[PDB]
Structure formats: structure tokens, C-alpha cells
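Below is one structure, written out as C-alpha cells; comments come after it.
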Amino acid sequence: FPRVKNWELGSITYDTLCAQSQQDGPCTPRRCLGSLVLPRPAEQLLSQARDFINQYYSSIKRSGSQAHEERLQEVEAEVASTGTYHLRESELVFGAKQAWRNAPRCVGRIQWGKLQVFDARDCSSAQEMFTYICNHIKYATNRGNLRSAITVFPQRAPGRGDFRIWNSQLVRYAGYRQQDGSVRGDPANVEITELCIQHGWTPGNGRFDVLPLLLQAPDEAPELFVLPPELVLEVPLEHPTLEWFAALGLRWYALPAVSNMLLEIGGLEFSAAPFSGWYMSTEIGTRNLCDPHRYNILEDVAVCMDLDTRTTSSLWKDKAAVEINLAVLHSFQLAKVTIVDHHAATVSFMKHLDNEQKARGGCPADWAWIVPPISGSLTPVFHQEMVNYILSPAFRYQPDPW
Amino acid sequence: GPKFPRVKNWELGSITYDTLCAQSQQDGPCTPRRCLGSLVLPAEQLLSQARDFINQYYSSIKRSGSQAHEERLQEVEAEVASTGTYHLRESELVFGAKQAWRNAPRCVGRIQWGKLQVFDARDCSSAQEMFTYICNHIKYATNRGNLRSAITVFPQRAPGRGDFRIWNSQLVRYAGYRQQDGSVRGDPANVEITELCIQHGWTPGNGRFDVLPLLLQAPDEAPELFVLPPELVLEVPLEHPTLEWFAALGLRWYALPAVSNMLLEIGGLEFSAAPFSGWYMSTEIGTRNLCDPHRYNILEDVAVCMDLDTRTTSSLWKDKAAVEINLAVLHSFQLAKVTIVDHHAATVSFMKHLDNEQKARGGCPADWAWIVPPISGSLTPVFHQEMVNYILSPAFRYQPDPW
Ligand code: HEM
Ligand code: HEM
Ligand SMILES: Cc1cc(N)nc(C[C@H]2CNC[C@@H]2NCCNCCc2cccc(F)c2)c1
Ligand SMILES: Cc1cc(N)nc(C[C@H]2CNC[C@@H]2NCCNCCc2cccc(F)c2)c1
Ligand SMILES: C[C@H](O)[C@H](O)[C@H]1CNc2nc(N)[nH]c(=O)c2N1
Ligand SMILES: C[C@H](O)[C@H](O)[C@H]1CNc2nc(N)[nH]c(=O)c2N1
Ligand SMILES: [Zn+2]
């Protein structure tokens, strides 16, 4: 059991929760691979299913009861005959919150118990997927007052193709490759933009064109659906003191909704299970707008600020980055859309660690992802040691469908 | 593909494989069950370590398999066979010291690894001589502000005999005085060593920036106290380029970062006292030393001077003050003509180092959480670079405090 120290305060805990991990990560005693973004039978499903049902009845303080025993028998009966089984809705709700709770790269986990779960397992077409996706967006957005949500489409089955959302997020901006090899719009979405085009989309030519959805029912070609512009809440970016900033024409969408991850609960796998909460300002202000392989606006802003771009030592990059993050915070706050800054978020994450220590004896956490991309050591999480491991229920990466 | 870790740069889309990790002979704290990467601290044996190091040396001069290589090997085992230890040739020490710096996963300054002035102090026999050696190191390394990387190597651990030790964690640190109030005047990181200095007869000051004396230990003796002559300790008064009041804060830092309590291991030999130094990266002073809550903690003071709204997180008052403090550090060192490197130039040059080592050794052990600077992380190229972390020898290691 690893000793875990906070270096700001000198306090120590022991992670005992990590002993519950059944799935290996990428590190060995010879070498740490913790900085890598991606990872390089009835008997098995049955034991994962049992473990998960044990978790569910333990959660509701009914561990060992009749309802518990008879549910374990239902699952056993179903697997033995069909090679698979099905979750009850309450179990799925428990499973979804648990997967979020268990996500080591998520800093917003203090919110984990507050999650609206939409059961969409009765979906038989891409068209119906779209309807469900539209309700989710309407619900989650809630006129700027964002509410965390997940919609769960039908689980994977051995004899057939997956339900999939091809887009990585429900709302994302197009990336158009230009003749001069440069990208107009968001360079992270060139490929998906190109797919939307080969499947019949009439593309715009702006910097912030909301992409259509490519939704796929089993063993069918994906289908194209345009989101009604009134469902996609956006925030124009202005700066509190710098009046020229708004003339940059910059904007971002309100709703961060991840749509291409796989949700695993009790050995069952949900290949389409889009989920959303609200932004932490550094995601937009630092990563989306300042990454050199994204909108890459740092120099433009610095020049507008009349900073000296000749040399690194003037810290023109740091200065511009702070104003961009400020603009995001201010703009969202002006537009009455839920946003959280990296100080507020990391402070609440520290509380989460304390809560989880008492409740479960630990919390899986990925330090490199929890610590924000500006002002790292200015946040309490920088000084907190963390233990990273895989618990189930879990969110996972899966291959792109194309 | 290749059965070696695949390493991706996400800014550029480039891929490499680390083959160098195969050479690792020591385990870190990670397992397949759990990653512990964020933890700050996690005769037959000697001979195999020695043989490996000697093989390393002869490969580095391209004489692997040669008569001289096999003779040295035979010479090493004969020394161990009769004495339980062996000794390094002068040039072997030089190579091993540079290699230990090259191998250090947490150092971003490694582009400079081949430019290291190695002082051989393996003749040192008293605390007074240790002092002389250290003063010469400080004088050479400081070079009136044109800093030069250096290491001074004192005698190795002997069986049955006591260690040479510098009790201080650095050759230059500021005192931390615990107050009746409960608070600390000076550097709170240095409370214990300050209190040890007073116990061993140092008459303390009562300032925020009092240079500590050295507590130096020759084998099997109590440590002796030595005051550095102040003309040897170059310091930089901090001022800001445009914020005129910053100078009035009376902030300052010393020029020479010199780690003094680390163990240098080479071929199984352990050098308990081998202090080394380079020059600062500006974030070390401006962000950590000055803005950590458990250090000088000046963020609020500076933000108040800048008239920021310190009552709400979303004003980004902390981010704004930190940037200016960091700029003040850079500006002040540049004005004073003291070598310093900003976090952008340092990480850019570290990326070049990664490419050099890919070609030369097939990888570079690097600790991502330490390589990425404490401000402006994703603004530097290293944030977007995946890294493989593992232990290679020769190495620098932490060692227990002597008291
Ligand atoms: C409620 C507000 C939330 C905030 C402020 C938040 C914040 C974040 C941040 C900053 C990251 C790091 C990802 C990055 O920067 O690229 C992250 C990752 C993640 N979040 Fe949260 N999150 C929230 C809600 C949720 C919800 C509702 C779920 C699912 C039910 C969730 C699941 C995840 C998962 C699985 C990851 C890891 C994805 C990956 O490995 O890229 N989060 N979150
Ligand atoms: C030449 C200029 C140098 C720069 C800019 C530099 C920079 C750094 C930085 C930023 C760190 C991270 C440590 C922290 O933030 O606490 C570090 C660690 C380290 N450096 Fe370098 N360094 C330099 C020279 C050297 C030299 C000459 C050596 C030894 C020969 C060395 C060996 C190490 C070691 C062993 C560590 C990890 C131990 C620790 O501090 O925890 N460095 N360095
Ligand atoms: C639900 C929720 C709320 C908030 N605020 N935030 C989040 C994280 C997502 C949004 N903002 C970034 C992050 N996830 C998007 C990218 N992450 C996958 C990394 C990856 C993997 C493979 C290939 C790639 F190109 C990239 C989720
Ligand atoms: C040679 C050289 C040049 C430069 N620029 N920089 C350096 C690193 C030192 C200077 N600035 C901090 C760092 N040395 C910090 C001490 N080691 C790790 C932290 C630690 C470990 C154990 C207990 C603790 F309380 C703290 C060396
Ligand atoms: C290579 C490195 O692991 C990668 O750039 C990670 C680092 N930390 C991160 N942290 C968060 N929150 N989001 C990210 O996309 C990343 N990227
Ligand atoms: C808890 C965490 O491991 C610790 O605070 C580390 C993080 N990264 C660091 N990186 C550097 N360069 N120096 C440090 O002291 C630290 N501290
Ligand atoms: Zn690891």
C-alpha cells in the first residue's frame, strides 16, 4: 500500500483502494509510462458481472439480501444461456456515476453523484440516436445553467456491429485544410470534417462552423444529421478591459460533451454513451485557443497587446495566455453560462480526495492531467502526490469506427 | 511494431521508440497495477555494477573488447577480491560524473551535460579542506556571473569508515527562523538546517535572506561550522522592468544553484559528498521559491501592490502576479549579468536534447511532471511530448539526512 504525501501541508495518507484494481496500466518496475496519452469467455464476464452486482447492492446497503442473491442468479442464468446479460436501469445509473467517479484524468469529480442518466438502450436507428442526442443537449445546456448528463445507447453484442457516434464531441468546430497547407477552423477536427464532407455535408468556410453528427447504427453506413443552431449554445469572447479583444471574432460553445468513449459496466460495453458537464476555463483559454496545433492565437493576441515577441524572456506567451483565459472566464460569466476556473476546480478536487479517502480509502488520479496547463504550482494539486490505477466501472478509449 | 515503448509528440505527430530503457538495471516504484510516477521520493553485487560501468567507459572511448578493457576489468576484480572495494581512474570519474548528469530524469538542463567541470577532491581529509574545496568550487562556478557547471567529488564511502557529508541541502540557502507567532521569517524550507546551525554554535541573524553557514562532516567526526565569506556569494536584488515599486519589496536571490546532499553512484561506488551546480531556470526562483505557499508565499503581497482583486479566484490574480514575479527574476538577472534561462528557452533546448539522445542512445529517461515547468506548462513544447522514465547508472540519488 503506497504512502501518499501532500508537500504543501506535510500530511500523509495510504491508498488501500488500489488493491481493488483488476486491470493493468502501462507501467512496470523497469519503466514508467504514465505520461502516455493512450494505451499501446463466459467465466471472465461472469466474474466482472458478479463483482459489479456486489458493488451495486453494497451501494444501496442491501449486501447479502434476497434481492441481491436472486439478482446474482438472474445474471448467472442469463450468461449461461446467452453468453451475455442485461442491466436493470437503476444498476445502469449506478454504473454511470461510478465510471465518472473512477476516471483518473477527471478533475471535476466532486460532482460525480450529480448526473442525469438517459437510458437510450431502446434505440434501433441512427435517426433515433439523433433524437436522443438532441434531448441530451437541450437538457444539459438548460439555457446556460449546465447540468451534467449521460445518454446510454445499446450495448455491444457478439454477433454484430457497434452503435457509434463518429464525432469525438457532440459539438465541435470544423477544420478545413486549405490549398496553402494551412488549416481554417480547428486543426484537431480536419479528419472528421473531411468525413462529414464525403458523406454529403455542404461545408461552410468559417473558423467556427459547428460540425454535423455522423451517427451509426449496427452494420450500416453512418448517417449525417445537422444540429439545429438553436440547440448549440455559444459564447462570444470579449475581454473585461481590452476592448479590441472582441474584434478578434473569437467564440466557444457552452457544452463539452464527449461522444467517442466506451462505457464499461460489469463486463458489458457501451460503445455509444455520450456524456457532458461544464467547461473548466483552461480547456478553452489555454488548450483549445493556445495549443500550437490548435487555434494557435498566442502571437496574434500578444501583438494586439503590443508585447515584445522578439524574445522568450519577455514572457509574452505567459502574458497573452493569462488574458485569453481571463476573457473566457469573463465572457462565460457575462453570458450566464456555467464555467469553472482552474483554481476553483482544483480546490474542489482536493476536497474530493479527502471525501474519497474517508469513503473508499483512496482515489485514482492522474497527476499530469489533474494539474492545469497554466499556473500548475499555483494550484494545490501540484503539491499533492497521486496514485493512478484502473477501477471498473470505467470509461475507455476505443478505435475510430472508420 | 518494435517491442519497445512507443513515444509520441502530440504537437508535431512524430513517433520514436525507446530502446535505451532496456539498459535499466534498477526498478522504479511503478507496477502494472498502479502508477506511482508522481511520488517525489520512492561484493558480488558490487562487481557486476563495476564491470557494467567499466564496459560503459570503454564503449564511450570506442575500445570495447580491447586488451586495455580486459586488463582494467581484471584489475577491478583483483582490487575487490583483496579490499572489498575498488577505485576509479581520473578519466573514469570524469566520464561517470557527466553520465550521472546525463542520466538524471528530472533535469531539464541536460543539453549541457557534456560541459561539466569535474573537480577531483578524492584526496580531501578534513572538514577544513572540504571548506577550501567548496569555496574554490563556488569561485570557479560563479565566475562573476558568467556561470559554469561544476561538480566537486570528495572521497567515496569506505567499509567500516564514516562518510564525508555536507549537511546542507545546497551550498547557498537562506535561513528560516521559527517565530513565537508560529510563522517563519526567511525560507520555511530551511527551518531544520537553520536550527542545526544554531545548535552547532552559529550566531543567527533575523532577516528574510540570511545566507546559511555550511555544516561539513569529515569521517567519524562531528560536523564543523563554516561561514562563507560574503564576497563569494553572488546575489541579485530583484526589480521589475516597469513596476517601479517591485524593488521596494527588498526581494533577492542568489546566483548559484548548488545541490549538496545528493549521492553520486558510479559502478557501485558511492560518493556521499559530491556537490554540483549549474545556473537557474527562472521558474525555480520566480515560481517555486517565491510563490509556493510553503515557501516565501509572496503572491498575495505582489497582487495587492498590483491592485488585483484577491477576493475571487476568477480574477486570475494569482496567475498575473506570478507572471510579473517571474519576469522580475529574469530582468534582474539579465541586468546583473548573471546567467539564467527562462522556461521557454530551457524546454526548447530540452527538446533538442531529446533528439540528440534518440540518435546517440535510442532514448532519454525523463520525468514529465518535473520537466514541465510550474507555470505556463502547455505553452512549452515538453508538455506535448510523451516521456519514458527509468533509472540508469551512473546516477544521482537522494540519501538520508545525516542527523
Ligand atoms: C461537471 C463538470 C466537469 C468538469 C469541470 C470536468 C473537467 C475535466 C477535465 C479538465 C478533464 C481533463 C481532460 C482534458 O483537459 O483534456 C476531464 C476528463 C475527463 N472527464 Fe471530466 N469534467 C466534468 C464532468 C464530467 C462528467 C459528467 C463525466 C462523465 C459522466 C466526465 C468524465 C471524464 C472522463 C472519462 C475524462 C477522461 C477523458 C480522457 O482520458 O481524455 N467528466 N474532465
Ligand atoms: C546548467 C544549468 C541547469 C539547469 C537550468 C538545471 C535545471 C534543473 C531543473 C529545473 C531541475 C528540476 C528540479 C526542481 O525544480 O526542483 C533540475 C533537477 C536536477 N538537476 Fe539540473 N540543471 C542544470 C544543471 C545541472 C547540473 C550541472 C547537474 C549535475 C551535474 C544537474 C543535475 C540535476 C539533478 C540530479 C536533478 C534532480 C534532483 C533534484 O533536484 O531533485 N543539473 N535541474
Ligand atoms: C464531460 C467533460 C467536461 C469537461 N469540462 N471536459 C471534459 C474533457 C474533454 C473536453 N475537453 C478536452 C477533453 N477531451 C477531448 C480530448 N481528449 C482525448 C485525448 C485524445 C485521445 C486520442 C486522440 C486524440 F487526438 C486526443 C469532459
Ligand atoms: C544543479 C542544479 C541547477 C538548477 N538550475 N537546479 C537544480 C535543482 C535544485 C535547485 N532548485 C530546486 C532543486 N533542488 C530541490 C531539492 N530536491 C528535490 C525536492 C525535494 C526532495 C526531498 C525533500 C524535499 F523537501 C524536497 C540543480
Ligand atoms: C503527453 C502528455 O501526457 C499530454 O500532453 C497530456 C498532459 N496532460 C494533460 N492534461 C489534461 N487535462 N489534458 C490533456 O490533454 C493533457 N495532455
Ligand atoms: C507532488 C509532485 O510530485 C511534486 O509536487 C513535484 C511535481 N513536479 C515538480 N517538478 C519540478 N521541476 N520540481 C518539483 O519540485 C516538483 N514537484
Ligand atoms: Zn508509472
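Within each chain, counting starts at residue 1; across the C-alpha cells, chains are named A, B, ... in the order shown, with ligands numbered 1 upward in that order.
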Residues of chain B at most 6 Å from ligand 5: nearest atom pair and distance in Å, only C-alpha atoms and all ligand atoms, as a Markdown table:
| residue | atom | partner | partner_atom_place_in_ligand_line | distance |
| --- | --- | --- | --- | --- |
| B:383 | CA | ligand 5 | 5 (O) | 5.1 |
| B:384 | CA | ligand 5 | 5 (O) | 3.8 |
| B:385 | CA | ligand 5 | 1 (C) | 4.6 |
| B:386 | CA | ligand 5 | 1 (C) | 4.1 |
Requested in this report: Find the residues around residue 277 of chain A up to 8 Å (only C-alpha atoms counted), leave out those fewer than 2 positions away in its own chain, and share them as a PyMOL selection string.
Outcome: chain A and resi 140+146-149+255-257+275+279
Query raised in the report: Taking only C-alpha atoms into account, which residues of chain A are within 7 Å of chain B, as number ranges by chain?
Result: A: 8, 21, 23-36, 292-293, 312-315, 318-319, 322, 326, 329, 341, 343-344, 367-368, 373-377, 385-389
Could you report the residues within 7 Å of ligand 2, using only C-alpha atoms and all ligand atoms, as a PDB file with C-alpha atoms, in the first residue's frame?
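Result file pocket13.pdb:
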ATOM      1  CA  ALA B  97      30.040  12.267 -13.284  1.00  0.00           C
ATOM      2  CA  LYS B  98      28.889  13.540 -16.706  1.00  0.00           C
ATOM      3  CA  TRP B 101      24.005  14.148 -15.011  1.00  0.00           C
ATOM      4  CA  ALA B 104      19.057  12.348 -14.377  1.00  0.00           C
ATOM      5  CA  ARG B 106      14.239  15.170 -13.572  1.00  0.00           C
ATOM      6  CA  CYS B 107      16.777  17.616 -15.048  1.00  0.00           C
ATOM      7  CA  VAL B 108      15.658  19.856 -17.910  1.00  0.00           C
ATOM      8  CA  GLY B 109      19.187  21.360 -18.275  1.00  0.00           C
ATOM      9  CA  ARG B 110      20.697  18.205 -19.812  1.00  0.00           C
ATOM     10  CA  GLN B 112      24.694  20.979 -21.275  1.00  0.00           C
ATOM     11  CA  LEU B 116      30.825  19.885 -16.832  1.00  0.00           C
ATOM     12  CA  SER B 149      28.608  23.945 -14.481  1.00  0.00           C
ATOM     13  CA  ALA B 150      30.774  22.071 -11.980  1.00  0.00           C
ATOM     14  CA  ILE B 151      30.982  19.181  -9.561  1.00  0.00           C
ATOM     15  CA  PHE B 276      27.225  20.062  -8.113  1.00  0.00           C
ATOM     16  CA  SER B 277      25.977  23.299  -9.680  1.00  0.00           C
ATOM     17  CA  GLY B 278      24.762  24.913 -12.911  1.00  0.00           C
ATOM     18  CA  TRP B 279      22.663  28.032 -13.398  1.00  0.00           C
ATOM     19  CA  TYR B 280      18.969  28.697 -12.637  1.00  0.00           C
ATOM     20  CA  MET B 281      15.903  28.288 -14.741  1.00  0.00           C
ATOM     21  CA  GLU B 284      12.675  27.789  -9.951  1.00  0.00           C
ATOM     22  CA  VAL B 341      17.444  30.648 -18.551  1.00  0.00           C
ATOM     23  CA  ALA B 346      15.111  25.806 -21.464  1.00  0.00           C
ATOM     24  CA  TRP B 370       9.352  17.527 -13.343  1.00  0.00           C
ATOM     25  CA  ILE B 371      10.369  18.501 -16.874  1.00  0.00           C
ATOM     26  CA  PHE B 396      22.481  10.864  -8.530  1.00  0.00           C
TER      27      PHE B 396
END
Please report as CSV every residue of chain A lying within 12 Å of ligand 4, along with the nearest atom pair and their distance in Å (one decimal), using only C-alpha atoms and all ligand atoms.
residue,atom,partner,partner_atom_place_in_ligand_line,distance
A:5,CA,ligand 4,23 (C),11.4
A:6,CA,ligand 4,25 (F),11.3
A:7,CA,ligand 4,25 (F),7.9
A:8,CA,ligand 4,25 (F),10.0
A:9,CA,ligand 4,25 (F),11.7
A:10,CA,ligand 4,25 (F),10.0
A:383,CA,ligand 4,26 (C),11.1
Report summary line: Nearest to residue 338 of chain A, restricted to only C-alpha atoms and choosing among A:361, A:200, A:144, A:175, comes out as A:144
Requested in this report: State, in Å with one decimal place, the distance from atom CA of residue 274 of chain B to atom CA of residue 155 of chain B.
Outcome: 8.7 Å
Requested in this report: Write down as JSON, numbers by chain the residues of segment 40-278 of chain A whose backbone DSSP state falls under helix (DSSP H, G or I).
Outcome: {"A": [42, 43, 44, 45, 46, 47, 48, 49, 50, 51, 52, 53, 54, 55, 56, 57, 58, 59, 66, 67, 68, 69, 70, 71, 72, 73, 74, 75, 76, 77, 78, 79, 80, 81, 82, 89, 90, 91, 92, 93, 94, 95, 96, 97, 98, 99, 100, 101, 109, 110, 111, 126, 127, 128, 129, 130, 131, 132, 133, 134, 135, 136, 137, 138, 139, 140, 141, 142, 143, 144, 187, 188, 189, 190, 191, 192, 193, 194, 195, 196, 197, 198, 229, 230, 231, 245, 246, 247, 248]}
Output C-alpha atoms for every residue in that selection, as a PDB file, in the first residue's frame.
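File produced: result_38.pdb:
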ATOM      1  CA  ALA A  42     -18.227 -16.634 -20.029  1.00  0.00           C
ATOM      2  CA  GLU A  43     -16.041 -17.219 -16.940  1.00  0.00           C
ATOM      3  CA  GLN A  44     -14.448 -13.775 -17.336  1.00  0.00           C
ATOM      4  CA  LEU A  45     -17.710 -11.869 -17.986  1.00  0.00           C
ATOM      5  CA  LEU A  46     -19.394 -13.733 -15.112  1.00  0.00           C
ATOM      6  CA  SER A  47     -16.836 -12.645 -12.515  1.00  0.00           C
ATOM      7  CA  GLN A  48     -16.912  -8.981 -13.670  1.00  0.00           C
ATOM      8  CA  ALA A  49     -20.726  -9.123 -13.586  1.00  0.00           C
ATOM      9  CA  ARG A  50     -20.778 -10.607 -10.068  1.00  0.00           C
ATOM     10  CA  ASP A  51     -18.264  -8.049  -8.784  1.00  0.00           C
ATOM     11  CA  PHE A  52     -20.345  -5.245 -10.255  1.00  0.00           C
ATOM     12  CA  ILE A  53     -23.642  -6.522  -8.842  1.00  0.00           C
ATOM     13  CA  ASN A  54     -21.858  -6.871  -5.487  1.00  0.00           C
ATOM     14  CA  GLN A  55     -20.906  -3.189  -5.826  1.00  0.00           C
ATOM     15  CA  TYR A  56     -24.487  -2.187  -6.621  1.00  0.00           C
ATOM     16  CA  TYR A  57     -26.126  -3.948  -3.656  1.00  0.00           C
ATOM     17  CA  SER A  58     -23.352  -2.751  -1.386  1.00  0.00           C
ATOM     18  CA  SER A  59     -24.099   0.829  -2.549  1.00  0.00           C
ATOM     19  CA  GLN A  66     -32.656 -11.862  -1.043  1.00  0.00           C
ATOM     20  CA  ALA A  67     -32.898  -9.242  -3.810  1.00  0.00           C
ATOM     21  CA  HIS A  68     -29.059  -9.431  -4.051  1.00  0.00           C
ATOM     22  CA  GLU A  69     -28.899 -13.260  -4.184  1.00  0.00           C
ATOM     23  CA  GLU A  70     -31.734 -13.514  -6.741  1.00  0.00           C
ATOM     24  CA  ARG A  71     -30.157 -10.857  -8.955  1.00  0.00           C
ATOM     25  CA  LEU A  72     -26.830 -12.784  -8.978  1.00  0.00           C
ATOM     26  CA  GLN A  73     -28.820 -15.860 -10.056  1.00  0.00           C
ATOM     27  CA  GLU A  74     -30.585 -13.868 -12.822  1.00  0.00           C
ATOM     28  CA  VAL A  75     -27.202 -12.783 -14.228  1.00  0.00           C
ATOM     29  CA  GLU A  76     -25.773 -16.301 -13.951  1.00  0.00           C
ATOM     30  CA  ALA A  77     -28.851 -17.812 -15.630  1.00  0.00           C
ATOM     31  CA  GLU A  78     -28.670 -15.261 -18.446  1.00  0.00           C
ATOM     32  CA  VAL A  79     -24.935 -15.600 -19.191  1.00  0.00           C
ATOM     33  CA  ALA A  80     -25.002 -19.415 -19.115  1.00  0.00           C
ATOM     34  CA  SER A  81     -27.744 -19.481 -21.774  1.00  0.00           C
ATOM     35  CA  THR A  82     -26.932 -16.444 -23.943  1.00  0.00           C
ATOM     36  CA  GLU A  89     -31.960   0.786 -15.230  1.00  0.00           C
ATOM     37  CA  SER A  90     -31.091   1.546 -11.577  1.00  0.00           C
ATOM     38  CA  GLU A  91     -27.913  -0.517 -11.948  1.00  0.00           C
ATOM     39  CA  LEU A  92     -27.007   1.365 -15.136  1.00  0.00           C
ATOM     40  CA  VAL A  93     -27.480   4.664 -13.266  1.00  0.00           C
ATOM     41  CA  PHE A  94     -25.184   3.419 -10.500  1.00  0.00           C
ATOM     42  CA  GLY A  95     -22.707   2.183 -13.125  1.00  0.00           C
ATOM     43  CA  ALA A  96     -22.535   5.505 -14.972  1.00  0.00           C
ATOM     44  CA  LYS A  97     -21.851   7.584 -11.815  1.00  0.00           C
ATOM     45  CA  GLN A  98     -19.230   5.039 -10.751  1.00  0.00           C
ATOM     46  CA  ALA A  99     -17.383   5.215 -14.107  1.00  0.00           C
ATOM     47  CA  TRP A 100     -17.161   9.003 -13.711  1.00  0.00           C
ATOM     48  CA  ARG A 101     -16.069   8.643 -10.073  1.00  0.00           C
ATOM     49  CA  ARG A 109     -15.215  14.507  -9.866  1.00  0.00           C
ATOM     50  CA  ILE A 110     -16.574  16.297  -6.768  1.00  0.00           C
ATOM     51  CA  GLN A 111     -19.722  16.466  -8.927  1.00  0.00           C
ATOM     52  CA  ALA A 126     -29.337   6.410 -36.305  1.00  0.00           C
ATOM     53  CA  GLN A 127     -32.425   8.643 -36.592  1.00  0.00           C
ATOM     54  CA  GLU A 128     -33.496   7.734 -33.045  1.00  0.00           C
ATOM     55  CA  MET A 129     -29.910   8.275 -31.859  1.00  0.00           C
ATOM     56  CA  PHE A 130     -30.218  11.849 -33.163  1.00  0.00           C
ATOM     57  CA  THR A 131     -33.479  12.483 -31.314  1.00  0.00           C
ATOM     58  CA  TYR A 132     -31.879  11.224 -28.097  1.00  0.00           C
ATOM     59  CA  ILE A 133     -28.760  13.311 -28.716  1.00  0.00           C
ATOM     60  CA  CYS A 134     -30.971  16.384 -29.230  1.00  0.00           C
ATOM     61  CA  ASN A 135     -32.826  15.900 -25.908  1.00  0.00           C
ATOM     62  CA  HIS A 136     -29.496  15.392 -24.120  1.00  0.00           C
ATOM     63  CA  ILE A 137     -28.132  18.668 -25.490  1.00  0.00           C
ATOM     64  CA  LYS A 138     -31.342  20.560 -24.623  1.00  0.00           C
ATOM     65  CA  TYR A 139     -31.345  19.070 -21.151  1.00  0.00           C
ATOM     66  CA  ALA A 140     -27.630  19.515 -20.441  1.00  0.00           C
ATOM     67  CA  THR A 141     -27.476  23.088 -21.761  1.00  0.00           C
ATOM     68  CA  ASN A 142     -30.535  24.310 -19.816  1.00  0.00           C
ATOM     69  CA  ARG A 143     -30.209  27.884 -21.131  1.00  0.00           C
ATOM     70  CA  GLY A 144     -26.664  28.380 -19.744  1.00  0.00           C
ATOM     71  CA  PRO A 187      -6.986  21.694 -36.813  1.00  0.00           C
ATOM     72  CA  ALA A 188      -7.949  18.899 -34.384  1.00  0.00           C
ATOM     73  CA  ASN A 189     -11.048  18.147 -36.489  1.00  0.00           C
ATOM     74  CA  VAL A 190      -9.734  18.111 -40.063  1.00  0.00           C
ATOM     75  CA  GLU A 191     -10.260  14.353 -40.433  1.00  0.00           C
ATOM     76  CA  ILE A 192     -13.828  14.313 -39.058  1.00  0.00           C
ATOM     77  CA  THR A 193     -14.673  17.401 -41.153  1.00  0.00           C
ATOM     78  CA  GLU A 194     -13.424  15.501 -44.223  1.00  0.00           C
ATOM     79  CA  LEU A 195     -15.614  12.516 -43.338  1.00  0.00           C
ATOM     80  CA  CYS A 196     -18.705  14.705 -42.982  1.00  0.00           C
ATOM     81  CA  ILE A 197     -17.947  16.023 -46.479  1.00  0.00           C
ATOM     82  CA  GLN A 198     -17.540  12.573 -48.147  1.00  0.00           C
ATOM     83  CA  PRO A 229     -28.471  26.024 -34.486  1.00  0.00           C
ATOM     84  CA  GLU A 230     -30.810  26.955 -31.591  1.00  0.00           C
ATOM     85  CA  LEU A 231     -29.679  23.874 -29.603  1.00  0.00           C
ATOM     86  CA  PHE A 245     -10.278  41.555 -27.975  1.00  0.00           C
ATOM     87  CA  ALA A 246     -13.901  41.097 -29.127  1.00  0.00           C
ATOM     88  CA  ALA A 247     -12.823  42.221 -32.600  1.00  0.00           C
ATOM     89  CA  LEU A 248     -10.788  39.020 -32.899  1.00  0.00           C
TER      90      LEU A 248
END
Query raised in the report: Got a sec: who's within 9 Å of residue 185 of chain B, counting only C-alpha atoms, leaving out chain neighbours fewer than 2 positions off, as an NGL selection string?
Result: :B and (175-179 or 183 or 187-188 or 206-209 or 296)
Report task. Please give the complete set of residues from segment 72-176 of chain B that DSSP, run on the backbone, assigns to strand (DSSP E), formatted as JSON, numbers by chain. Result -> {"B": [117, 118, 119, 120, 150, 151, 152, 153, 165, 166, 176]}
I need the chosen residues saved as a short mmCIF file (atom, residue, chain, number, x, y, z; two decimals), in the first residue's frame, with N, CA, C and O atoms.
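Wrote part_11.cif, looks like this:
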data_model
loop_
_atom_site.label_atom_id
_atom_site.label_comp_id
_atom_site.auth_asym_id
_atom_site.auth_seq_id
_atom_site.Cartn_x
_atom_site.Cartn_y
_atom_site.Cartn_z
N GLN B 117 32.61 20.78 -15.49
CA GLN B 117 33.94 20.87 -14.94
C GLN B 117 33.97 20.00 -13.67
O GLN B 117 33.33 20.32 -12.67
N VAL B 118 34.70 18.89 -13.76
CA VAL B 118 34.73 17.92 -12.68
C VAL B 118 35.97 18.17 -11.82
O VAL B 118 37.09 17.99 -12.29
N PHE B 119 35.76 18.59 -10.57
CA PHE B 119 36.87 18.75 -9.64
C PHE B 119 37.04 17.48 -8.83
O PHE B 119 36.11 17.01 -8.16
N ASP B 120 38.26 16.94 -8.90
CA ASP B 120 38.58 15.72 -8.19
C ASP B 120 39.10 16.10 -6.81
O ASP B 120 40.18 16.64 -6.69
N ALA B 150 29.68 22.76 -12.66
CA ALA B 150 30.77 22.07 -11.98
C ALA B 150 30.31 21.09 -10.92
O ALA B 150 29.21 21.20 -10.37
N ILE B 151 31.19 20.13 -10.63
CA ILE B 151 30.98 19.18 -9.56
C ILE B 151 32.32 18.94 -8.87
O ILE B 151 33.37 18.84 -9.52
N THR B 152 32.28 18.85 -7.55
CA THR B 152 33.46 18.56 -6.78
C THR B 152 33.21 17.21 -6.11
O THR B 152 32.18 17.02 -5.48
N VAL B 153 34.13 16.26 -6.28
CA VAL B 153 33.93 14.90 -5.80
C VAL B 153 34.88 14.56 -4.65
O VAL B 153 36.10 14.47 -4.83
N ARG B 165 30.21 14.13 4.42
CA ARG B 165 28.86 14.66 4.22
C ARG B 165 28.81 16.19 4.30
O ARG B 165 29.42 16.79 5.17
N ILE B 166 28.09 16.80 3.38
CA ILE B 166 27.67 18.19 3.54
C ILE B 166 26.24 18.11 4.06
O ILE B 166 25.36 17.54 3.42
N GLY B 176 15.79 30.06 7.85
CA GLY B 176 14.37 30.12 8.20
C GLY B 176 14.28 30.09 9.71
O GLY B 176 14.67 29.10 10.33
#
